[PDB]
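Structure first, then comments.
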Amino acid sequence: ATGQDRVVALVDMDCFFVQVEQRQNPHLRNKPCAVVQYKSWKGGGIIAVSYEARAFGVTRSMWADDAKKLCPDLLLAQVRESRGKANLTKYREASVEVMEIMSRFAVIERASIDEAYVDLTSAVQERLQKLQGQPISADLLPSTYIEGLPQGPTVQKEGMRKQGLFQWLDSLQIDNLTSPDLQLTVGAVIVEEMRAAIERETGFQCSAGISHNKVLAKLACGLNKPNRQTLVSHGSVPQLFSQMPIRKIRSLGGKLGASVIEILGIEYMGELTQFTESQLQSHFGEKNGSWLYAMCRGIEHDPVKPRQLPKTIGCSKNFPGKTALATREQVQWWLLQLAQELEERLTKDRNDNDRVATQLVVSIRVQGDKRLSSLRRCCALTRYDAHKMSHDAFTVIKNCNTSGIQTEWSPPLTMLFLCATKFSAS
DNA sequence: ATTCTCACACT
DNA sequence: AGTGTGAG
Ligand SMILES: O=c1[nH]cnc2c1ncn2[C@@H]1O[C@H](COP(=O)(O)OP(=O)(O)OP(=O)(O)O)[C@@H](O)[C@H]1O
Ligand SMILES: [Ca+2]
């Protein structure tokens, strides 16, 4: 098994929240700009950055005041706020615009508010038979890069792209409808069409990767951004992985990836090929070890899930520093604000998607604790009523209050979280 | 003191 | 059910 059975793409909207704001406010187009939340603290936290501003060093996680030091002419758009918290509706609605367009071409897996995996295997098979056996012109691939080409015996970027594409298409075996490289190329043709449709019908640009699985497609998508697509063939994997830091591969960006590096004494994905599957299973567990053994050879089997809608709907707010909640009536009021935005989104979900959540997950963070969450408790979600959820959420957390007072909350809360789960068809 | 979602493995 | 990891 060479892991070449499928054609999978990953589409990523370029600096998505910035694009939504630039479409709305033309004064922001083709300018260094960023999208910010919470204007009062250090000018707002940056959550999205246009490519013109990235050339000044502006990134996410930065404070707007700091970003303005790197880029004095940075323009800012601020996220809507509703009931004291950032409100992402505008961006979720734009996300829906794009996913509905993608769904015309293939079945998609929503991966995040601005990326989707695309399973193109069947679409490719139908384009191949409609294609008689005539050649794929480079005109059908006007923004595609072939990873690893050109090679062998031009100083500008578009020149290189074309030379790589010409070498690929020259050597393509169009008479063999079962060559995986041919299937990828047809897949790339379809993704060009899908990206043209997205830009025509929404004004939004995106990048894409086309490969044989989700991990290679995601890696490919990042190789030539913005507004370009990249085909990573099975054959391109040994050279690509030979200098690819382990942490770049999806799921290895964290503690497991650091353990792979430290325990094995390696730096690059390709270096994993020298270990047996049992060796990797002994260090990292049966599942992780088998996964790493196949993945360093370019092979991964995670399916594209036919799922365009999230499985949970959640509402959280952080209260860092001196703003940590300290009174019972503070905690009730913020629980109510979260439960009100949750009710709004749930009722829209019951009208748009014909389902009802049935479990309510309540989570809190305590000043001094270390982790994303300190505690998770659940109860039934029987009615989409903000006052009832918020009452119920308090009920299941009210005993975490270590204070002997009834009107004080010790120790102070640095996060409230409400999440609706366990949907059933309605 | 960036923040906020959402998915899944493990137990 | 509750915790921990990883991602956009
Ligand atoms: O580190 C994060 N903490 C919280 N939330 C994040 C983070 N990272 C990403 N998000 C969310 O996921 C959207 C698009 O995530 P993204 O990585 O695809 O970033 P962009 O499209 O802006 O730029 P690209 O680099 O893709 O061109 C972001 O706006 C935001 O909603
Ligand atoms: Ca993106």
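In the text below, chain A, chain B and the rest are named by the order of the sequence lines, each starting its count at 1. Excluded from the calculations below are hydrogen atoms, water molecules and symmetry mates; all remaining heavy atoms, backbone and side chain alike, are included.
- Here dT3(B) presents its P atom at 12 Å from CG of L372(A), a figure rounded to the nearest Å.
- Side chains of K68(A) and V58(A) form no contact here, defined as non-hydrogen atoms less than 4.5 Å apart.
- One finds a side-chain N or O of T312(A) lying less than 4.0 angstrom from the OP1 or OP2 phosphate oxygen of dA7(B).
- Using a 4.0 Å cut-off, no side-chain N or O of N318(A) falls inside it from OP1 or OP2 of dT2(B).
- Between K218(A) and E115(A) there is a salt bridge, since at least one side-chain N of the basic residue sits less than 4.0 Å from a carboxylate O of the acidic one.
- In this structure, the CE atom of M415(A) is 15 Å from the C1' atom of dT2(B), given to the nearest Å.
- At a threshold of 4.0 angstrom between heavy atoms, the contacts of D12(A) with the nucleic acid are absent.
- Taking 4.0 angstrom as the limit, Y38(A) places a side-chain polar atom (N or O) nearer than this to OP1 or OP2 of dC4(B).
- At a threshold of 4.0 angstrom between heavy atoms, the contacts of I47(A) include nucleobase atoms, whether or not backbone atoms are also involved.
- Among all heavy-atom pairs drawn from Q4(A) and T2(A), the shortest one is OE1-OG1, 2.6 Å.
- Using a 4.0 Å heavy-atom distance criterion, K42(A) is classed as making no nucleic acid contact.
- Among the atoms of the strands shown, only primed sugar atoms or phosphate atoms (P, OP1, OP2) are found under 4.0 Å from some heavy atom of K218(A).
- One atom, CD of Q78(A), and another, P of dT3(B), lie 18 Å apart when rounded to the nearest Å.
- Not a single donor-acceptor pair under 3.5 Å links the side chain of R6(A) to the backbone N or O of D119(A).
- Distance, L88(A) CG to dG8(C) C1': 12 Å, rounded to whole Å.
- Rounded to whole angstrom, the span from the CG atom of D369(A) across to the P atom of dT3(C) amounts to 10 Å.
- Closest contact between the side chain of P320(A) and the listed nucleotides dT3(B), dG4(C), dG2(C) involves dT3(B).
- The phosphate of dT3(B) has neither OP1 nor OP2 within less than 4.0 Å of any side-chain N or O from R60(A).
- In this structure, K287(A) reaches the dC10(B) phosphate: one of its side-chain N or O atoms is under 4.0 Å from OP1 or OP2.
- Between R355(A) and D349(A) there is a salt bridge, since a side-chain N of the basic residue sits under 4.0 Å from a carboxylate O of the acidic one.
- Distance from the side chain of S316(A) is smallest to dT5(B) among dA7(B), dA1(B), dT5(B).
- Using a 5.5 Å limit on the distance between ring centres and a 30° limit on the angle between planes, the aromatic ring of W63(A) does not count as stacked on the six-membered base ring of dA1(B).
- With 3.5 Å as the limit, one finds a donor-acceptor pair spanning the side chains of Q359(A) and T421(A).
- Here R365(A) does not reach the OP1 or OP2 of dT3(B): none of its side-chain N or O atoms lies under 4.0 Å away.
- Residue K370(A) places none of its side-chain N or O atoms closer than 4.0 Å to OP1 or OP2 of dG4(C).
- Of the residues in residues 247-265 of chain A, none has a non-hydrogen atom less than 4.0 angstrom from any atom of DNA chain B.
- With the nearest nucleotide of DNA chain B identified for both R307(A) and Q37(A), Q37(A) has the one nearer the 5' end.
- Using a 4.0 Å heavy-atom cutoff across all strands shown, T323(A) reaches at least one base atom of the nucleic acid.
- Nucleotide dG8(C) holds its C1' atom 16 Å from the CG atom of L219(A), rounded to whole Å.
- For the pair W334(A) CH2 and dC4(B) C1', the interatomic distance rounds to 14 Å; values are reported in whole Å.
- Of all non-hydrogen atoms in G203(A) and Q19(A), the two that sit nearest each other are O-OE1, 4.2 Å.
- Rounded to whole Å, atom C1' of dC6(B) lies 13 Å from atom CZ of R376(A).
- Enclosure of atom CD in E158(A) by more than 12 non-hydrogen atoms of other residues, nucleotides or ligands within 6.0 angstrom is indicated.
- Looking at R195(A) and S143(A), their side chains do bring a donor and an acceptor atom within 3.5 Å of each other.
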